[PDB]
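Reviewing the structure listed below.
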Amino acid sequence: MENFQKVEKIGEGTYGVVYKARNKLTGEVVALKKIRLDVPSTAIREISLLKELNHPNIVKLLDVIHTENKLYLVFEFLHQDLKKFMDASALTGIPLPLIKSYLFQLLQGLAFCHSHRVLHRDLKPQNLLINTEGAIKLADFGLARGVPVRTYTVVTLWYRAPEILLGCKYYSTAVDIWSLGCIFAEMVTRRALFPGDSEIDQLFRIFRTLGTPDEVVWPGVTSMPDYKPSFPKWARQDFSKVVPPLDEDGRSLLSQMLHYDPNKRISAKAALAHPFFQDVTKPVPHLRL
Ligand SMILES: CCS(=O)(=O)c1ccc(Nc2ncc3cc(Cl)c(=O)n(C4CCCC4)c3n2)c(C)c1
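One gets this note's numbering by counting positions in the sequence shown from 1 and adding 81 to each.
Here it is, written out as structure tokens:
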């Protein structure tokens with residue numbers, strides 16, 4: 082609304098485009114997500130329920146403005162996401178204390194949302210915002226269900242859990258833990274874990290690494306909707322080849338977040354007690370804003 086002055090386009094995506102905005106009344110710098118609605122009464126309640134989500138590791142939804150065929154969402158503004166930070170460290174590598182602090186902070190925000198029965202669904206490095214004080218926050222939570230922008234926004238697929246790719250309709254909190262494990266491996270190796278091009282290439286890249294799942298490790302996988310008995314049967318690779326710098330504690334923790342069975346996958350709460358975070362600290366990054 083005229084109360085906000087658009088400064089620059091900082092993003093674009095699913096039916097939504099995000100601007101850096103300045104509240105002309107208060108002077109506050111905020112993130113303004115514009116969603117062309119062409120109004121779901123059910124949705125604007127769940128949006129109002131995420132306004133109550135309150136945690137230092139979650140980008141705060143400040144205000145919800147419904148005006149005509151548009152839904153404006155005002156968020157707390159941050160200057161950089163984890164994707165821009167990983168690119169700026171592709172040659173040097175993020176130090177493990179900074180990686181460990183980040184993973185610890187994201188597991189806290191995940192443990193907060195999951196205790197409120199709130200999924201993120203669409204966890205990716207572009208959705209993880211960082212500041213200069215060493216904090217990292219979860220951003221842009223995906224609703225369970227506007228007009229798509231024609232200018233358009235592939236990398237969401239790289240972090241999808243295998244249960245979503247196999248056609249499970251009822252997601253659990255384990256889908257967010259899987260995405261975090263892929264992000265955790267990407268931070269260490271400075272390379273995407275499963276950079277697939279299609280739904281089946283994403284599935285087969287996971288199969289080539291973790292082995293093709295069966296009823297032994299994932300009971301009920303053969304009864305999943307998009308499962309096919311004609312899947313190739315690949316052998317599981319060694320975890321020391323997946324993340325070849327990481328220590329045994331991290332590889333252990335990463336292996337539990339990458340379990341095929343969502344019921345065997347580690348929860349955010351249990352992950353916080355993993356010995357990998359025994360010496361967890363909070364270092365500061367070197368950001369160029
Ligand atoms: C552009 C790459 S970057 O690293 O330069 C960069 C990254 C982040 C931000 N800021 C920022 N601040 C607050 C939010 C709040 C929400 Cl909800 C949100 O979705 N996003 C974006 C993340 C997904 C697309 C919009 C936000 N972005 C800036 C200025 C640059």
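Idealized CB from N, CA, C, for every residue including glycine.
The Cβ neighbour count for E267, taken over all protein chains shown within 10 Å, is at least 16; the residue is labelled buried. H367 sits in coil when the DSSP states are folded into three classes, being neither helix nor strand. Taking the Cα positions, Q189 is about 15 Å away from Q359.
Its Cα nearest to that of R271, the residue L172 stands out among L353, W259, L172. Scanning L118, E296, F275 for the CA closest to the CA of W239 turns up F275. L284 sits in a helix when the DSSP states are folded into three classes. Nearest to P310 by C-alpha distance, out of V324, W299, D295, is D295.
Contact between the region 299–306 and the region 320–331 is not established, with fewer than three Cβ pairs separated by less than 8 Å. For the region 174–253, the continuous beta strand (DSSP E) assignments of 3+ residues that do not extend past its boundaries occur at 209–211, 217–219, in sequence order. Pairing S279 with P229, the inter-Cα distance amounts to about 21 Å. Of the heavy atoms belonging to ligand 1, none sits nearer than 7 Å to the Cβ of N212. Look at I347 here: in three-state DSSP terms it is coil, with no helix or strand label. Restricting attention to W315, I287, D221, the CA atom closest to the CA of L339 is found in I287. With 16 or more neighbouring CB atoms inside 10 Å of its own CB, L210 falls in the buried class.
For the 8 Å CB-CB criterion, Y252 and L327 do not form a contact. Relative to the non-hydrogen atoms of ligand 1, the Cβ of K314 never comes closer than 7 Å to any of them. A Cβ-Cβ contact shorter than 8 Å links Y96 with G227. The criterion of a C-beta distance shorter than 8 Å is not satisfied by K90 and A102. For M167, the closest of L179, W299, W315, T107 by C-alpha to C-alpha distance is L179. Between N208 and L219, the CB-CB gap stays under 8 Å. In the displayed model, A352 falls within a helix according to three-state DSSP.
Note on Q318: under 16 other CB atoms within 10 angstroms of its CB, so exposed under the neighbour-count rule. Scanning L184, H197, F156 for the CA closest to the CA of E109 turns up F156. Taking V297 as reference, the option from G262, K345, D282 with the minimal CA-CA separation is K345. Comparing alpha-carbon positions, the option among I175, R231, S333, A349 lying closest to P356 turns out to be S333. The criterion of a C-beta distance shorter than 8 Å is satisfied by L142 and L131.
DSSP places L142 inside the beta strand (DSSP E), whose first and last residues are 142–148.
By the Cβ neighbour-count rule, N150 is exposed, with fewer than 16 other Cβ atoms within 10 Å of its own. Remark: the shortest separation between the CB of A102 and any heavy atom of ligand 1 does not fall under 7 Å.
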